[PDB]
Structure formats: structure tokens, C-alpha cells
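Novice: I have a structure here, written as C-alpha cells, and I will follow up with some questions on it.
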Amino acid sequence: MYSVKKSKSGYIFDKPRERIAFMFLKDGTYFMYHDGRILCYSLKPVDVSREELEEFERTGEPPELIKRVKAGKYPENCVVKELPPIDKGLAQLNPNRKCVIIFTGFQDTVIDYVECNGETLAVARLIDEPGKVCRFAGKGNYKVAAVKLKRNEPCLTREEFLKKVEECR
């Protein structure tokens, strides 16, 4: 089942490794969709009515646009990107996956994260350049890993991060 977050700004339908977000901006409704492998979104508005979003929240069935996106039929001017694999360092822990994009000011970034002993272990990678990585272990939100990645701030080395994962297990 989707957990649904709703505001005058829009809708967010989340599952551990999936997000469908809708944003209401000046010129209409914008969407972003991602699962474990695919990230799809448009910088132009899409034909998604608020009635469809209400229906999604109340019944669980996605708008027709989302069904086509899930099936591989993508509308015009829709960015389509294949995601890197779930971070090997966190893979055994069954991590959550989320993507952050231009809508919140980021280059397309995928974050694999777990909450372990009240700390966050997150690995953020640039989707276009998967070598660019920030490994984060701390008390903040998983998004922090993306933020540091965006700001060129230093992050944990592979060794340090795997140490943290081990300590957590």
C-alpha cells in the first residue's frame, strides 16, 4: 500500500523503494515517478486531474499516466533514466530507495538508506554519473547525503561506511 502525504502543494505516494509525487505549480500539475530501476519525470505539466489524485489516494489505483509510465509508454518530454543498483554496502539490509531531482534543486540523485540504531546510513549517487557518491552516517535525514553530494562536502570513505554498517549489524 502507498503511504500518502497530501498538502496544497501536492501529493506524495510512497513505498519503501517507490515514489510518485505530484506538484501543483503556476501552470499546472507536474509529476515524478520512480521505482527500484526507472526514474521518469517531466519539466512540462502533465494531464493529471486532482480528481484522479483523489481517486488514487482513496482506492490505490494510479492515474492513467502513471499506468502508462509503469508499462513503458512515456508521454512527451518525459525524462527517462535507469537507476544504479541498490548500493551493495546496504543491499543485505533491505534498504529504502528514494530519488531527488530538479524540483527540489538537485541533479538527479538516488539515495539508498536504512535507519539502524537510531542513526541514518545513506548512500547518494548521481544518476547520470554513478561514480559521484556520498556515503553518510549520522543523525540527519537521508536527504542529507544528497545535500552533501550537491554541495561537494566530504563524505565517508567506503571503508568507514562499511565499518558503520558492520557496527550496525
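Chain lettering (A, B, ...) mirrors the order of the C-alpha cells, residue numbering begins at 1 for each chain separately, and ligand numbering begins at 1 in order of display.
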Might you pull out every residue within 7 Å of region 107-115 of chain A, with only C-alpha atoms counted and same-chain residues fewer than 6 positions away left off, and present them as JSON, numbers by chain?
Specialist: {"A": [86, 87, 95, 96, 97, 98, 99, 100, 101, 121, 122, 123, 124, 125, 126, 127, 142, 146]}
Novice: Would you output that residue set with C-alpha atoms, as a tab-separated table (two decimals), in the first residue's frame?
Specialist:
```tsv
chain	number	residue	atom	x	y	z
A	86	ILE	CA	20.77	-0.78	-4.81
A	87	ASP	CA	24.01	0.16	-3.02
A	95	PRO	CA	17.22	-0.52	2.22
A	96	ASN	CA	14.73	2.10	1.15
A	97	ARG	CA	15.34	3.94	-2.12
A	98	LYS	CA	14.32	7.50	-2.98
A	99	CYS	CA	15.23	9.91	-5.78
A	100	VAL	CA	15.59	13.70	-5.59
A	101	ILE	CA	15.54	15.83	-8.75
A	121	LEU	CA	23.02	5.14	6.83
A	122	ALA	CA	22.53	6.55	3.34
A	123	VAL	CA	24.40	6.31	0.05
A	124	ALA	CA	23.63	9.01	-2.52
A	125	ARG	CA	24.74	8.70	-6.15
A	126	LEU	CA	24.40	10.99	-9.13
A	127	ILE	CA	22.15	9.06	-11.51
A	142	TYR	CA	18.62	10.52	4.32
A	146	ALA	CA	22.17	14.09	-1.38
```
Novice: Using DSSP assignments from the backbone, pull out every residue in chain A that falls under strand (DSSP E or B) and give it to me as a CSV table (one decimal) with N, CA and C atoms, in the first residue's frame.
Specialist:
```
chain,number,residue,atom,x,y,z
A,3,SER,N,1.8,4.9,1.3
A,3,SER,CA,1.6,5.9,2.2
A,3,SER,C,1.5,7.3,1.5
A,4,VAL,N,0.4,8.0,1.9
A,4,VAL,CA,0.1,9.2,1.1
A,4,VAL,C,0.3,10.5,2.0
A,5,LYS,N,1.0,11.4,1.4
A,5,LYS,CA,1.2,12.7,2.1
A,5,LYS,C,0.6,13.8,1.2
A,6,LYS,N,-0.3,14.6,1.7
A,6,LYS,CA,-1.1,15.5,1.0
A,6,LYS,C,-1.0,16.9,1.5
A,7,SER,N,-0.9,17.9,0.6
A,7,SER,CA,-0.9,19.3,1.0
A,7,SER,C,-1.4,20.1,-0.2
A,10,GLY,N,0.7,19.6,-3.1
A,10,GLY,CA,0.6,18.4,-4.0
A,10,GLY,C,0.4,17.1,-3.2
A,11,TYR,N,0.8,16.0,-3.9
A,11,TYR,CA,0.7,14.7,-3.3
A,11,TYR,C,2.0,13.9,-3.4
A,12,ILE,N,2.2,13.0,-2.5
A,12,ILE,CA,3.3,12.1,-2.5
A,12,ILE,C,2.8,10.7,-2.1
A,13,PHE,N,3.0,9.7,-3.0
A,13,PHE,CA,2.6,8.4,-2.7
A,13,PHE,C,3.9,7.5,-2.6
A,14,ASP,N,4.2,7.0,-1.5
A,14,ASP,CA,5.5,6.4,-1.2
A,14,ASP,C,5.3,4.9,-0.8
A,15,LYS,N,6.3,4.1,-1.3
A,15,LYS,CA,6.6,2.8,-0.8
A,15,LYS,C,8.1,2.7,-0.6
A,18,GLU,N,9.8,3.2,-3.8
A,18,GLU,CA,9.0,3.8,-4.9
A,18,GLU,C,8.4,5.1,-4.4
A,19,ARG,N,8.4,6.1,-5.3
A,19,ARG,CA,7.7,7.4,-5.0
A,19,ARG,C,7.0,7.9,-6.3
A,20,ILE,N,5.8,8.3,-6.1
A,20,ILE,CA,5.1,9.1,-7.1
A,20,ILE,C,4.7,10.4,-6.5
A,21,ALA,N,5.3,11.5,-7.0
A,21,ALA,CA,5.0,12.8,-6.5
A,21,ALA,C,4.3,13.6,-7.5
A,22,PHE,N,3.4,14.5,-7.1
A,22,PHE,CA,2.7,15.4,-7.9
A,22,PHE,C,2.8,16.8,-7.3
A,23,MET,N,3.2,17.8,-8.1
A,23,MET,CA,3.4,19.1,-7.6
A,23,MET,C,2.5,20.0,-8.4
A,24,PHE,N,1.8,20.9,-7.7
A,24,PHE,CA,0.9,21.9,-8.3
A,24,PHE,C,1.7,23.2,-8.4
A,25,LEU,N,2.0,23.6,-9.6
A,25,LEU,CA,2.8,24.8,-9.9
A,25,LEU,C,1.9,25.8,-10.7
A,28,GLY,N,0.3,24.3,-13.8
A,28,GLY,CA,-0.4,23.0,-13.8
A,28,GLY,C,0.3,22.0,-13.0
A,29,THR,N,0.0,20.7,-13.2
A,29,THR,CA,0.4,19.6,-12.4
A,29,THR,C,1.6,19.0,-13.0
A,30,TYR,N,2.7,18.8,-12.2
A,30,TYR,CA,3.9,18.2,-12.6
A,30,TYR,C,4.1,16.9,-11.8
A,31,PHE,N,4.8,15.9,-12.4
A,31,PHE,CA,4.9,14.6,-11.8
A,31,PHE,C,6.4,14.1,-11.8
A,32,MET,N,6.7,13.3,-10.8
A,32,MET,CA,7.9,12.5,-10.8
A,32,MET,C,7.5,11.1,-10.3
A,33,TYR,N,8.1,10.1,-11.0
A,33,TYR,CA,7.8,8.7,-10.7
A,33,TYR,C,9.2,8.0,-10.6
A,34,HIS,N,9.4,7.1,-9.6
A,34,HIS,CA,10.5,6.2,-9.7
A,34,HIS,C,10.2,5.0,-8.9
A,38,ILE,N,13.8,2.5,-12.5
A,38,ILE,CA,13.4,3.6,-13.5
A,38,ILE,C,13.1,4.9,-12.8
A,39,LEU,N,13.5,6.0,-13.3
A,39,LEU,CA,13.1,7.3,-12.9
A,39,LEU,C,12.5,8.1,-14.1
A,40,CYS,N,11.3,8.6,-14.0
A,40,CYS,CA,10.6,9.3,-15.1
A,40,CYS,C,10.0,10.6,-14.5
A,41,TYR,N,10.2,11.6,-15.3
A,41,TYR,CA,9.6,12.9,-14.8
A,41,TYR,C,9.5,13.9,-16.0
A,42,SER,N,8.7,14.9,-15.9
A,42,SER,CA,8.6,15.9,-17.0
A,42,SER,C,8.7,17.3,-16.4
A,78,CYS,N,9.2,13.6,-21.4
A,78,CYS,CA,9.4,12.9,-20.2
A,78,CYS,C,10.8,12.3,-20.1
A,79,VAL,N,11.6,12.8,-19.2
A,79,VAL,CA,12.9,12.3,-18.9
A,79,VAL,C,12.7,10.8,-18.4
A,80,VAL,N,13.5,9.9,-19.0
A,80,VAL,CA,13.5,8.5,-18.6
A,80,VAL,C,15.0,8.1,-18.3
A,81,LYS,N,15.3,7.7,-17.1
A,81,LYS,CA,16.6,7.3,-16.7
A,81,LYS,C,16.6,6.0,-15.9
A,82,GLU,N,17.6,5.1,-16.2
A,82,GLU,CA,17.8,3.9,-15.5
A,82,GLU,C,18.6,4.1,-14.2
A,96,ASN,N,15.6,1.3,1.9
A,96,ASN,CA,14.7,2.1,1.2
A,96,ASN,C,15.5,2.8,0.1
A,97,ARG,N,14.8,3.2,-1.0
A,97,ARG,CA,15.3,3.9,-2.1
A,97,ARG,C,14.4,5.1,-2.4
A,98,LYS,N,15.1,6.3,-2.6
A,98,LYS,CA,14.3,7.5,-3.0
A,98,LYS,C,15.2,8.3,-4.0
A,99,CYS,N,14.5,9.1,-4.8
A,99,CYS,CA,15.2,9.9,-5.8
A,99,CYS,C,14.9,11.4,-5.5
A,100,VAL,N,15.8,12.3,-5.7
A,100,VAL,CA,15.6,13.7,-5.6
A,100,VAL,C,16.1,14.3,-6.9
A,109,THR,N,19.5,12.5,-8.3
A,109,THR,CA,20.2,11.7,-7.3
A,109,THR,C,19.4,10.6,-6.8
A,110,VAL,N,20.0,9.4,-6.6
A,110,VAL,CA,19.3,8.3,-6.0
A,110,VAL,C,20.0,8.1,-4.6
A,111,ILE,N,19.1,7.8,-3.6
A,111,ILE,CA,19.6,7.6,-2.2
A,111,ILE,C,19.1,6.3,-1.7
A,112,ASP,N,20.0,5.4,-1.4
A,112,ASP,CA,19.7,4.1,-0.7
A,112,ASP,C,20.0,4.3,0.8
A,113,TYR,N,19.0,4.1,1.6
A,113,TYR,CA,19.2,4.4,3.0
A,113,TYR,C,18.5,3.3,3.9
A,114,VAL,N,19.0,3.2,5.1
A,114,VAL,CA,18.4,2.5,6.2
A,114,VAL,C,18.5,3.3,7.5
A,115,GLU,N,17.6,3.0,8.4
A,115,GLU,CA,17.7,3.6,9.8
A,115,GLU,C,18.1,2.5,10.7
A,116,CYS,N,19.3,2.6,11.3
A,116,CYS,CA,19.9,1.5,12.1
A,116,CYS,C,20.5,2.1,13.3
A,119,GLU,N,20.4,5.8,13.9
A,119,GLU,CA,21.2,6.6,13.0
A,119,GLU,C,20.7,6.3,11.6
A,120,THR,N,21.1,7.2,10.7
A,120,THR,CA,20.8,7.0,9.3
A,120,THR,C,22.1,6.6,8.5
A,121,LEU,N,22.0,5.5,7.7
A,121,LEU,CA,23.0,5.1,6.8
A,121,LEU,C,22.5,5.3,5.4
A,122,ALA,N,23.0,6.3,4.7
A,122,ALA,CA,22.5,6.6,3.3
A,122,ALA,C,23.7,6.6,2.4
A,123,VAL,N,23.5,6.2,1.1
A,123,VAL,CA,24.4,6.3,0.0
A,123,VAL,C,23.7,7.0,-1.1
A,124,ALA,N,24.2,8.2,-1.5
A,124,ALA,CA,23.6,9.0,-2.5
A,124,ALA,C,24.6,9.0,-3.7
A,125,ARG,N,24.0,8.8,-4.9
A,125,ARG,CA,24.7,8.7,-6.1
A,125,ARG,C,24.1,9.6,-7.2
A,126,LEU,N,24.9,10.3,-7.9
A,126,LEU,CA,24.4,11.0,-9.1
A,126,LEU,C,24.0,10.0,-10.2
A,133,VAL,N,29.5,9.9,-5.4
A,133,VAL,CA,28.8,9.2,-4.4
A,133,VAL,C,29.1,9.9,-3.0
A,134,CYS,N,28.1,10.0,-2.2
A,134,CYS,CA,28.3,10.4,-0.8
A,134,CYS,C,27.7,9.4,0.1
A,135,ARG,N,28.6,8.8,0.9
A,135,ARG,CA,28.2,7.8,2.0
A,135,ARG,C,28.1,8.6,3.3
A,136,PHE,N,26.9,8.5,3.9
A,136,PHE,CA,26.5,9.3,5.0
A,136,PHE,C,26.1,8.4,6.1
A,137,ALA,N,26.6,8.7,7.3
A,137,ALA,CA,26.2,8.0,8.6
A,137,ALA,C,26.1,9.1,9.6
A,138,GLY,N,24.8,9.3,10.1
A,138,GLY,CA,24.6,10.4,11.0
A,138,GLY,C,23.2,10.4,11.5
A,156,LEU,N,31.8,9.9,3.9
A,156,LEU,CA,32.6,8.8,4.4
A,156,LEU,C,33.2,8.0,3.3
```
Novice: Just give me the gap between CA of residue 159 (chain A) and CA of residue 36 (chain A) in Å, one decimal is fine.
Specialist: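 Between these atoms lies a distance of 25.3 Å.
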Novice: Identify all residues of chain A in alpha helix (DSSP H) (DSSP on the backbone) and supply them as JSON, numbers by chain.
Specialist: {"A": [50, 51, 52, 53, 54, 55, 56, 57, 58, 59, 64, 65, 66, 67, 68, 69, 70, 71, 88, 89, 90, 91, 143, 144, 145, 146, 147, 148, 149, 150, 151, 158, 159, 160, 161, 162, 163, 164, 165, 166, 167, 168]}
Novice: Find the residues near residue 63 (chain A): any atom within 12 Å, counting only C-alpha atoms, skip ones fewer than 6 places away on the same chain, and give them as a ChimeraX atom specification.
Specialist: /A:13,20-22,31,33,46-57,69-70
Novice: Restricting the output to N, CA, C and O atoms, write the selected residues as a PDB file, in the first residue's frame.
Specialist:
```
ATOM      1  N   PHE A  13       3.015   9.738  -2.964  1.00  0.00           N
ATOM      2  CA  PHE A  13       2.637   8.351  -2.744  1.00  0.00           C
ATOM      3  C   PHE A  13       3.929   7.546  -2.647  1.00  0.00           C
ATOM      4  O   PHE A  13       4.646   7.393  -3.645  1.00  0.00           O
ATOM      5  N   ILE A  20       5.797   8.323  -6.123  1.00  0.00           N
ATOM      6  CA  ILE A  20       5.064   9.055  -7.147  1.00  0.00           C
ATOM      7  C   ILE A  20       4.654  10.383  -6.525  1.00  0.00           C
ATOM      8  O   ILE A  20       3.812  10.423  -5.619  1.00  0.00           O
ATOM      9  N   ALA A  21       5.252  11.466  -6.995  1.00  0.00           N
ATOM     10  CA  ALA A  21       4.995  12.786  -6.458  1.00  0.00           C
ATOM     11  C   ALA A  21       4.334  13.647  -7.523  1.00  0.00           C
ATOM     12  O   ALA A  21       4.677  13.569  -8.709  1.00  0.00           O
ATOM     13  N   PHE A  22       3.376  14.452  -7.087  1.00  0.00           N
ATOM     14  CA  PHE A  22       2.698  15.411  -7.941  1.00  0.00           C
ATOM     15  C   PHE A  22       2.791  16.772  -7.277  1.00  0.00           C
ATOM     16  O   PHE A  22       2.504  16.904  -6.081  1.00  0.00           O
ATOM     17  N   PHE A  31       4.797  15.907 -12.407  1.00  0.00           N
ATOM     18  CA  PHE A  31       4.931  14.614 -11.760  1.00  0.00           C
ATOM     19  C   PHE A  31       6.368  14.128 -11.782  1.00  0.00           C
ATOM     20  O   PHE A  31       7.152  14.461 -12.677  1.00  0.00           O
ATOM     21  N   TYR A  33       8.070  10.085 -11.015  1.00  0.00           N
ATOM     22  CA  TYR A  33       7.826   8.697 -10.660  1.00  0.00           C
ATOM     23  C   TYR A  33       9.151   7.959 -10.635  1.00  0.00           C
ATOM     24  O   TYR A  33       9.970   8.108 -11.542  1.00  0.00           O
ATOM     25  N   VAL A  46       1.604  17.908 -16.916  1.00  0.00           N
ATOM     26  CA  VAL A  46       1.007  16.677 -17.420  1.00  0.00           C
ATOM     27  C   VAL A  46      -0.484  16.685 -17.123  1.00  0.00           C
ATOM     28  O   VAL A  46      -0.944  17.334 -16.179  1.00  0.00           O
ATOM     29  N   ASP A  47      -1.248  15.974 -17.954  1.00  0.00           N
ATOM     30  CA  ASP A  47      -2.698  15.878 -17.764  1.00  0.00           C
ATOM     31  C   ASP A  47      -2.999  14.879 -16.651  1.00  0.00           C
ATOM     32  O   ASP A  47      -3.303  13.704 -16.883  1.00  0.00           O
ATOM     33  N   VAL A  48      -2.874  15.355 -15.416  1.00  0.00           N
ATOM     34  CA  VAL A  48      -3.340  14.632 -14.243  1.00  0.00           C
ATOM     35  C   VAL A  48      -4.273  15.570 -13.492  1.00  0.00           C
ATOM     36  O   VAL A  48      -3.840  16.609 -12.978  1.00  0.00           O
ATOM     37  N   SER A  49      -5.549  15.204 -13.429  1.00  0.00           N
ATOM     38  CA  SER A  49      -6.547  15.990 -12.720  1.00  0.00           C
ATOM     39  C   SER A  49      -6.507  15.680 -11.229  1.00  0.00           C
ATOM     40  O   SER A  49      -6.111  14.589 -10.813  1.00  0.00           O
ATOM     41  N   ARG A  50      -6.907  16.663 -10.416  1.00  0.00           N
ATOM     42  CA  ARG A  50      -6.951  16.452  -8.973  1.00  0.00           C
ATOM     43  C   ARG A  50      -7.972  15.383  -8.598  1.00  0.00           C
ATOM     44  O   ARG A  50      -7.835  14.732  -7.555  1.00  0.00           O
ATOM     45  N   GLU A  51      -9.000  15.189  -9.433  1.00  0.00           N
ATOM     46  CA  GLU A  51      -9.932  14.085  -9.224  1.00  0.00           C
ATOM     47  C   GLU A  51      -9.210  12.746  -9.310  1.00  0.00           C
ATOM     48  O   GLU A  51      -9.454  11.845  -8.498  1.00  0.00           O
ATOM     49  N   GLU A  52      -8.327  12.592 -10.300  1.00  0.00           N
ATOM     50  CA  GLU A  52      -7.523  11.378 -10.397  1.00  0.00           C
ATOM     51  C   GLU A  52      -6.651  11.177  -9.159  1.00  0.00           C
ATOM     52  O   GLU A  52      -6.504  10.049  -8.681  1.00  0.00           O
ATOM     53  N   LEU A  53      -6.027  12.245  -8.653  1.00  0.00           N
ATOM     54  CA  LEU A  53      -5.199  12.120  -7.454  1.00  0.00           C
ATOM     55  C   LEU A  53      -6.024  11.696  -6.245  1.00  0.00           C
ATOM     56  O   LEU A  53      -5.608  10.823  -5.473  1.00  0.00           O
ATOM     57  N   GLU A  54      -7.175  12.343  -6.035  1.00  0.00           N
ATOM     58  CA  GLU A  54      -8.109  11.908  -5.000  1.00  0.00           C
ATOM     59  C   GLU A  54      -8.440  10.422  -5.139  1.00  0.00           C
ATOM     60  O   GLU A  54      -8.424   9.674  -4.155  1.00  0.00           O
ATOM     61  N   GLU A  55      -8.800   9.996  -6.357  1.00  0.00           N
ATOM     62  CA  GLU A  55      -9.092   8.590  -6.627  1.00  0.00           C
ATOM     63  C   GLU A  55      -7.920   7.688  -6.253  1.00  0.00           C
ATOM     64  O   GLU A  55      -8.115   6.594  -5.708  1.00  0.00           O
ATOM     65  N   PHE A  56      -6.701   8.109  -6.597  1.00  0.00           N
ATOM     66  CA  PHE A  56      -5.503   7.358  -6.240  1.00  0.00           C
ATOM     67  C   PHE A  56      -5.406   7.191  -4.729  1.00  0.00           C
ATOM     68  O   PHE A  56      -5.162   6.089  -4.225  1.00  0.00           O
ATOM     69  N   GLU A  57      -5.569   8.292  -3.991  1.00  0.00           N
ATOM     70  CA  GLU A  57      -5.473   8.238  -2.532  1.00  0.00           C
ATOM     71  C   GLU A  57      -6.546   7.346  -1.927  1.00  0.00           C
ATOM     72  O   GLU A  57      -6.286   6.633  -0.951  1.00  0.00           O
ATOM     73  N   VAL A  69       3.304   4.987 -17.647  1.00  0.00           N
ATOM     74  CA  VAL A  69       4.710   5.131 -17.279  1.00  0.00           C
ATOM     75  C   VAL A  69       5.251   3.820 -16.726  1.00  0.00           C
ATOM     76  O   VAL A  69       6.377   3.419 -17.036  1.00  0.00           O
ATOM     77  N   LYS A  70       4.470   3.152 -15.874  1.00  0.00           N
ATOM     78  CA  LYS A  70       4.857   1.849 -15.335  1.00  0.00           C
ATOM     79  C   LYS A  70       4.974   0.806 -16.437  1.00  0.00           C
ATOM     80  O   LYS A  70       5.816  -0.097 -16.363  1.00  0.00           O
TER      81      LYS A  70
END
```
Novice: Separation of CA of residue 132 (chain A) and CA of residue 35 (chain A), in Å?
Specialist: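 For CA of residue 132 (chain A) relative to CA of residue 35 (chain A), the distance reads 20.7 Å.
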Novice: Would you please work out which residue, of A:129, A:83, A:45, A:167, is nearest to residue 65 (chain A) when using only C-alpha atoms?
Specialist: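 Result for the nearest residue to residue 65 (chain A): A:45.
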